[PDB]
Amino acid sequence: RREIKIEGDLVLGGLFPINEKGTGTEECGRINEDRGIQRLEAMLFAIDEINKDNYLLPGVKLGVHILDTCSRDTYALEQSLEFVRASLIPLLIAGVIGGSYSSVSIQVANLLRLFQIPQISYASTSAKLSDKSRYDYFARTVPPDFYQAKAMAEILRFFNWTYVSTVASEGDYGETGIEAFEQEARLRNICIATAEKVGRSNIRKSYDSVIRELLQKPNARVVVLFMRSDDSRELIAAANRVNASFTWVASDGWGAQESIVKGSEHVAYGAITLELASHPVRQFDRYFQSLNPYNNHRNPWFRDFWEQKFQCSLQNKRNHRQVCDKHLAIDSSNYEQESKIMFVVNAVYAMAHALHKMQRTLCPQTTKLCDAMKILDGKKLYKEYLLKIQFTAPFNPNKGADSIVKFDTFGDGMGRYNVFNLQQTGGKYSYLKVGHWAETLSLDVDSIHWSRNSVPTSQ
Amino acid sequence: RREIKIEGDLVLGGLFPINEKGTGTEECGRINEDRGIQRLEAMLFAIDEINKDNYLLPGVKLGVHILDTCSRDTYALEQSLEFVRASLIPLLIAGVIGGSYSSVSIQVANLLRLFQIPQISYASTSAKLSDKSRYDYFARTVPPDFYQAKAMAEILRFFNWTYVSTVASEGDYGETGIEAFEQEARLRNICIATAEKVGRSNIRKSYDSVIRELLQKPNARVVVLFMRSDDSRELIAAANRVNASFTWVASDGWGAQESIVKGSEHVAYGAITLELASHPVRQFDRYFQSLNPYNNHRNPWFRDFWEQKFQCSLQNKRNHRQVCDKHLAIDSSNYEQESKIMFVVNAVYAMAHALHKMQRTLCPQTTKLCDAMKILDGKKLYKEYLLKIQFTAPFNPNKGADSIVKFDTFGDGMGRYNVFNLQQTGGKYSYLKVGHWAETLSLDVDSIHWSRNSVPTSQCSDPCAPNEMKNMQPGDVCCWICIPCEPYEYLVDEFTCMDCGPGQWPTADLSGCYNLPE
Ligand SMILES: *[C@@H]1O[C@H](CO)[C@@H](O)[C@H](O)[C@H]1NC(C)=O
Ligand SMILES: N[C@@]1(C(=O)O)CN[C@@H](C(=O)O)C1
Ligand SMILES: N[C@@]1(C(=O)O)CN[C@@H](C(=O)O)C1
């Protein structure tokens, strides 16, 4: 049971899928490197920054209480109990920054509302959450799948892929996300071959089973994927053991993760995956790359991350091979900033700018946490929060790109996605940006390298 | 922070408004005597009984973990966190028996579902809870207000009280409960004069304010009340300071509590209040009356209850007057069993019979808690629970009165309500049962003692003058104007004044025309 406790004048809860969903009786598996450890640090970074900042919450140091969600909802839920219990050693939570998988953001939202705690997700995208009548204390800095589904169908409708198959992760994410695609699919005259869907505690046999059925309709060479990062790997893994080949069209769930195609660099070749529109946070880069087990002591998971990333081994381990070189480090050769890290940082600044207004509004005299705010008014903070608008943490170069954080009447973000193509040119697999989606598709077509190096056909 | 912990092979949570909602920064006010302390004890009693019982959960002693809800939702909610946390000193909760105010049963339900814990209320009545898509782990042994509102409207529709005023407690109980009456009200052609509603942290001024407004429509002498026990008292309190008088028609919220009219025995006289149909649990009577501070040590609130009920004082107190006689006791002169106590007991037995089945089903070999049930399957227990049917804890004499506990497809109970009349005959105020509601009203009318000892009247406009006038309707259906007619025209009907014509005249009563000579 590892957590992160940094005391402060005001505290923010944190939820990150630091560890993958553990198989069997256990709950937490291997370290999620890029979407777990990075995103986590990103929050620490953002806090660090908000504390070093003078024009945003100065007399109110921001403390954090971060918990791993081990990619499982029921688990994060239990963890989250930590925050509501913290309203009565206990940390007075102001807002929770969290919910990577939609699956857990919801399960968590269902509890924070009962205790009026503002939640902000930096990645959950299920349209289900937009419903501000069931998730009245939730907000996120990313747009719902209702706008990604469109982006997806409009990609097939452009390549006359009238007959394609769908397979979606079980769970509020994949489900709602596909039900979104299903609709947008019919409307553009696209018939769905076989409707596949994986699930929980699933092993190889259930994934191969899905591959089989994707093969029982060999007319549809284009398979649409609305699956979680994990279920999206197990699928490709299966599809590879039996040299099965298709034109993969996947939701951000797969996104541009090069860690999904690892071990099947080809069975996934010439695929098309979408991701959210984001511009890397310069400072975070230098920040993360500056980390190492000798200076990152506040992150209890760092060691395990270190040993796993470098194939290391140490005394604070079990019993393995190859000890680890001191001159080992995170550099530009072993690290690429995760796509959503931007959303993490904005999520936090939001919460902060939100509090920051409450500060100056409720307490004119000082810069410190007065008596007015000794005990926050959740409801208030949340309807003094949505109404937020600010220039993305200055960690952003431009300003003219609507790079300002704010929320809709639903508390969600702007639907800007990037279209990707999985290609390899020099013995190495990489993702190349080939168009995007603003409200209408776009892509330099003659940029795409397809499987069987030919523009596919699915009718 | 006081709780009750009795260890056991299986444990049941408990929520009771033992203390009234505290005013100011504090949270818990005075002890709720009859709906708090009694109902609490009734649960203990029921447990005590289920443990002394041989044919129902024998090898599985039932433990309880009871927490006061201080009548506040946000508070019970926090306390309830005690139970979900208890699924991981911590007590393995099987189900929570609780939720007096609807207000809190909901707020609570919202949390137990997140951890699959079966809840059962012995009194929350909000229709909102019937919705098994939002409260999938809730059940109760009382029927939704959807059936009480009907019973209420049907009581006014019988006394042609076409124009009456409504005032409802703020909070899921009063609100939803009135929205229920509002609808059933329109449907029976009943216009609502002024729609009043009290609230939170409300003091005298907001109650008087409500009285004032009830007075700004002095045509409606009948006021409908869908208010919590507490808000229902503050209102009458207010209504009394200013000798205001009406015919009070109140929901069970007020019910038949003689503790509501205390201090205004007359400003509330000749009122009509509804309650759930229930028959007192004989054994509980002997049981409760057998309690006293020297033998009730497991109930941490007992002393405070004792000191408060008897005006006592003790060393485990603050600093007051008049010490307390040892020979003080709860007898037939100072105690009347609360109306819902029955529901409390059934609520628990249900939970028990439920577990009891799970016991014999999951574990054929022994009578004890086996490995199959070491860790319960909420979802399962809940859909092995609703499907329950049993003869009310034998604490009931008859059997032929559908006195069997069970739940609807919604997890609610049977809508049977009793109609009451608040009357005083010998210097003492009491509640007299005067009819009930099965699915249709009923009441021996000539049983009711009204205020101004006269069957009241609540309509919009006065009746027309036969001698002349005709009924005229502008926009609504309760408010009309009386137009007199021309000495030469009769009335085809109540509303239409029709002219007789040439060489004729309308009869004296104005029902026809008598041919004139000359
Ligand atoms: C009003 O109530 C009286 C009860 O005495 C009844 O006789 C009368 O018919 C009612 N008015 C109508 C016609 O609705
Ligand atoms: N689209 C994701 C979700 O809403 O759950 C799937 N994976 C999440 C992530 O970025 O890690 C985002
Ligand atoms: N019907 C009540 C409720 O659910 O709120 C009103 N008063 C409660 C009580 O019995 O104390 C029950």
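Over chain A, what portion of Cα pair distances is larger than 37 Å, expressed as a whole percent? Roughly 25 percent, rounded to a whole number.
Helix content alone sets the calculated 222 nm mean residue ellipticity of the protein assembly as shown: runs of n ≥ 4 DSSP H residues at -39500 (n - 2.57) each, divided across all residues, give -8500 deg cm²/dmol. Along the Cα-to-C-beta direction of B:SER403, a point sits 7 Å from the Cα; which residues of region B:272-312 have their amide N less than 12 Å from that point? Only B:278-283 pass the distance filter. Its alpha carbons give region B:454-518 an Rg and a Dmax of 14.4, 50 Å. Its alpha carbons give region A:234-308 an Rg and a Dmax of 16.9, 46 Å.
In order along region B:343-359, phi translates into HN-Hα couplings of 4, 4, 4, 5, 3, 5, 3, 3, 2, 5, 3, 4, 3, 3, 5, 3, 4 Hz, rounded to whole numbers, per the Karplus curve 6.51 cos²θ - 1.76 cosθ + 1.60 with θ = phi - 60° and x for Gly and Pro. Ranking B:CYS497, B:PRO463, B:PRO487 by Cα position along the charge dipole of region B:454-518, where only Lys, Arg, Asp and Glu carry charges on their C-beta atoms, puts B:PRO463 farthest toward the positive end.
When the alpha carbon gyration tensor of the protein assembly as shown is reduced to an equivalent ellipsoid, its three semi-axes come out at 61, 38, 29 angstrom, largest first.
If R0 is taken as 41 Å, the Cβ-Cβ distance between B:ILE330 and A:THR194 corresponds to a FRET efficiency of 0.05.
Tell me, what is the FRET efficiency for A:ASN453 and A:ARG298 to the nearest 0.05, using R0 = 41 angstrom and their Cβ-Cβ distance as r?
0.25
Close amide-amide hydrogen proximity is noted between A:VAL142 and A:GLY413, each under 5 Å apart and 5 or more residues distant or on a separate chain (H modeled in the peptide plane; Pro and chain starts excluded). Cβ distances below 4.7 Å define possible disulfide partners, and in the protein assembly as shown the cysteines left without one are A:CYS191.
Computed over the Cα atoms of region A:65-123, what is the ratio Rg over Rh, Rh following Kirkwood?
On the way: Rg = 10.3 Å, Rh = 11.2 Å.
Ratio of gyration radius to Kirkwood radius: 0.92.
Taking amide H positions as modeled 1.01 Å from N, with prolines and chain starts lacking one, the residues under 5 Å from B:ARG416 and 5 or more places away or on another chain are B:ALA277.
Normalised Debye scattering of region B:358-398 at q = 0.18, 0.21, 0.32 Å⁻¹ gives log10 I(q)/I(0) of -0.65, -0.77, -1.05, counting only Cα atoms as equal scatterers and leaving out solvent. An ellipsoid equivalent to region B:300-363, defined through the eigenvalues of its Cα gyration tensor, has semi-axes of 39, 15, 9 Å when rounded to whole angstrom and sorted largest first. Close amide H pairs (under 5 Å, H built 1.01 Å from N) link B:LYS368 with no residue at least 5 positions away or on another chain.
Coupling constants for region B:35-41 follow from the phi torsions by the Karplus curve (6.51 cos²θ - 1.76 cosθ + 1.60, θ = phi - 60°), and in residue order they are 8, x, 3, 4, 3, 4, 3 Hz; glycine and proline get x. Inter-chain neighbour count for B:113-125: the average number of beta-carbon atoms from partner chains within 10 Å of each residue's beta-carbon is 1. The tail of the calculated P(r) for region B:1-143 beyond 26 Å holds 21 percent of all Cα-Cα pairs.
Residue ranges B:53-62, B:289-298, B:338-347 sort as B:338-347, B:53-62, B:289-298 when ordered by packing (mean number of other C-beta atoms within 10 Å per residue, highest first). Between the alpha-carbon centres of region B:298-372 and region B:152-230 there is a gap of 35 Å. Descending by average beta-carbon neighbour count within 10 Å, the peptides A:17-29, A:35-47, B:369-381, A:253-265 line up as A:35-47, A:253-265, A:17-29, B:369-381, the highest first. Per-residue 3J(HN,Hα) values for region A:417-422, derived from phi via the Karplus relation 6.51 cos²θ - 1.76 cosθ + 1.60 with θ = phi - 60°, read 10, 10, 8, 10, 10, 7 Hz in sequence order (x marks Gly and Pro).
For A:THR367, A:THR440, A:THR273, the sequence from fewest to most other C-beta atoms within 10 Å is A:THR440, A:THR367, A:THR273.
Please note: Cβ atoms are built from the backbone with ideal geometry, for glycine as well, and neighbour counts cover all protein chains shown. The numbers here are math on the coordinates, done by the rules we state, and not lab data.
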